[PDB]
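Taking it in order: structure first as structure tokens, then the write-up.
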Amino acid sequence: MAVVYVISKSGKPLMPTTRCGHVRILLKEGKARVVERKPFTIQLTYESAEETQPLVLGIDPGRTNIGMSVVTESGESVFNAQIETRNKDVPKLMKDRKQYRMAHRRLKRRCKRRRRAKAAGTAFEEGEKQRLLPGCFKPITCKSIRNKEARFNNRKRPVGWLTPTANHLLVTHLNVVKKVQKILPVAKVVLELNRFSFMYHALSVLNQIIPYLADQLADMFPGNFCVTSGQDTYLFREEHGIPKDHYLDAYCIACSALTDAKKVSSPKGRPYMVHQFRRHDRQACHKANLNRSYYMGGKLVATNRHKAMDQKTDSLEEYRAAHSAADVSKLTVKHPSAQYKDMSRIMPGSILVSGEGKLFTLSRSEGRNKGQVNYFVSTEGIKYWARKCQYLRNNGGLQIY
RNA sequence: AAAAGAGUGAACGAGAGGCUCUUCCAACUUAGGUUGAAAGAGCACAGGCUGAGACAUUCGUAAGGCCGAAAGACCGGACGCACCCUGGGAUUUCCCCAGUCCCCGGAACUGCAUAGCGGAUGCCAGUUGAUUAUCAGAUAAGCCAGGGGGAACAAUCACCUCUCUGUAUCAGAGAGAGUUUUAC
DNA sequence: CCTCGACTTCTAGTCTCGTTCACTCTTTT
DNA sequence: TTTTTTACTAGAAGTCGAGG
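Quick note: the first sequence, position 222, residue 242 per my numbering, numbers continuous.
If you want it as structure tokens, here you go:
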């Protein structure tokens, strides 16, 4: 039945097991010591032999659902996972980081300098200046003063420089291989090299990282790194009739390297689920409201005084056109103040226990009153009064649900 | 090889908005208040680093062409600069990285020449201690700031059986050796 | 009969356009 | 000539009881 992973006293991933009774007696015997609650690992506390039979790990690459599966040689299944990456958030978080940065460098230096210039009388006499900068053919308009040197001509990257979003995917894939190697004694590694010519979109960073992952996983398993092919995976899924399921593809990718695989049966049983939680959140501002709202009878009648970029709702300007000065003289303005996040908060991914004693993994902290989170939501979707909950462990990035 | 695809990373420049304040006008209610128009001034995660580096004007920036009466222009690429290299930093942290930036070296490489750098002149800081000196302090038109890990940190008993309560379920609590051994 | 409050319950968050540059992977041919 | 709507965290408004 269940498979209880085992680790040597020396901390060496030994073969797991499936005896159950002995895995309890041996816990009551104290001989052992839980090392993880899921997947259940038990480190022996009586140094014994550490024999470990050969195991193959089939990695099915992917940008949001990395799938892995360690299989015995006969073709038996000892582990099956389905990692859900956060690779789709990294790209957008960086676009925002850019806008934010460019704003800081426009509203806190450029303008300022342009303000201090006009004030000191140290500004272009024309007030504007077209400047054809080396590399461009169309000039750039500089108001009041010149432009901090633009650097876009010879910025060199190391060879094989991969973009933040791609690096992430790669590391992830490998970080998961390392977590699997701390529970089971992995020997060889099969990877399913994918292929998209480009001739629910994405499917791009994977094509760029597949090559680098293959190299990296060839040094992690020196002399033991094979590469299958989606096609083979399919041929297998019709040859051994593995019920088609995105998560049953890794078992197939892995069962390929196996030569005399006699006991190849679909790896039944729901596969473990791993969620990736961000490690650092250096953002401090939750919302800077940015809106001067007007309220005649306490109801918005002007979100600004004049429209803004993409502002659809009417602005005081429109109102003044529709109503009178006796009307505009009664309006009430209400601009809420910027809301800053609590940058030392138990971060989504932490492990906590409820007042009743249920252990859970923070998914999101909903609510705040008098400076105290109102509810800690679990990854299962239950809401617990934070005030009563207890902190146990911080985020680990890849966290099994 | 190009050719495209398909993502994703830089630097610099402009706006619409916004915040505060001033002046003025109008409106509306109690000299006052509220609101708006117009003009002006300042301000732009929380922060960390550093004391100056910003701006303006002017001059200087290789030989080699080649064209000019010349002056000069144009090409070129230096004994010029560099986003390039070597080293060292700031941001920077439990432990790392990215990015950006900075400081001395500049060989190759790579880039630029209306750029960049340097000089000159102008204009924009802060001065107090602890002790002429030294060590703090003060001081921006300095730089970086909304990216990625990893470690460590349990009130971590899973699975099978029985009993009890709830629960349409399922869930909760208690006890248990269930075939050895991770390999007879 | 309120009201004071422990909690529920629920909504909401900036945006666009200039002058350039980059590196990495697939495929076409 | 248009690439794709995500979602945690903060804070205001609301309800349910206390209770006196």
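Every residue, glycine too, gets a C-beta built ideally from N, C-alpha and C.
Rounded C-alpha distance that separates residue i from residue j
i	j	result
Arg312	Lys332	14 Å
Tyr395	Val373	13 Å
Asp362	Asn324	29 Å
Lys202	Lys32	8 Å
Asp239	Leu194	12 Å
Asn100	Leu189	20 Å
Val353	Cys131	28 Å
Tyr360	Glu386	15 Å
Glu49	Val206	29 Å
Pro36	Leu204	7 Å
residue 439	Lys108	Any property of residue 439 remains undetermined from this structure, which presents the chain solely from 21 to 421.
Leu226	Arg83	6 Å
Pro154	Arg125	22 Å
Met114	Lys128	20 Å
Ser364	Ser286	45 Å
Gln63	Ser249	37 Å
Residue i vs residue j beta-carbon contact at 9 Å
i	j	result
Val209	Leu237	yes
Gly417	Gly377	no
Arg106	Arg290	no
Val294	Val196	yes
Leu34	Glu93	no
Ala322	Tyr339	yes
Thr185	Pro242	no
residue 17	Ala281	Outside the displayed range of the chain (21 to 421) lies residue 17, so it cannot be described from this structure.
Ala222	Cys246	no
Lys51	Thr61	no
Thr161	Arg171	no
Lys163	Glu148	yes
DSSP-derived helix/strand/coil call for residue i
i	result
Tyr220	coil
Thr72	coil
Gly41	helix
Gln63	strand
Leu226	helix
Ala328	coil
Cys275	helix
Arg166	coil
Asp80	strand
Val24	coil
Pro33	strand
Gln296	strand
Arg290	coil
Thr192	helix
Expected contact under 8 Å - CB spacing of residue i and residue j to nearest Å
i	j	result
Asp252	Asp80	That pair is no contact at about 12 Å.
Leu382	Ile366	6 Å
Classification of residue i by the beta-carbon crowding that lies within 10 angstroms, buried from 16 upward
i	result
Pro74	exposed
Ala308	exposed
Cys40	exposed
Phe256	buried
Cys275	buried
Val54	exposed
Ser398	buried
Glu212	buried
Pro263	exposed
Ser224	exposed
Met219	exposed
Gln296	buried
Residue i CB to nearest heavy atom of the ligand NAD below 8 Å
i	result
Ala22	This structure lacks the ligand NAD, and indeed carries no ligand of any kind.
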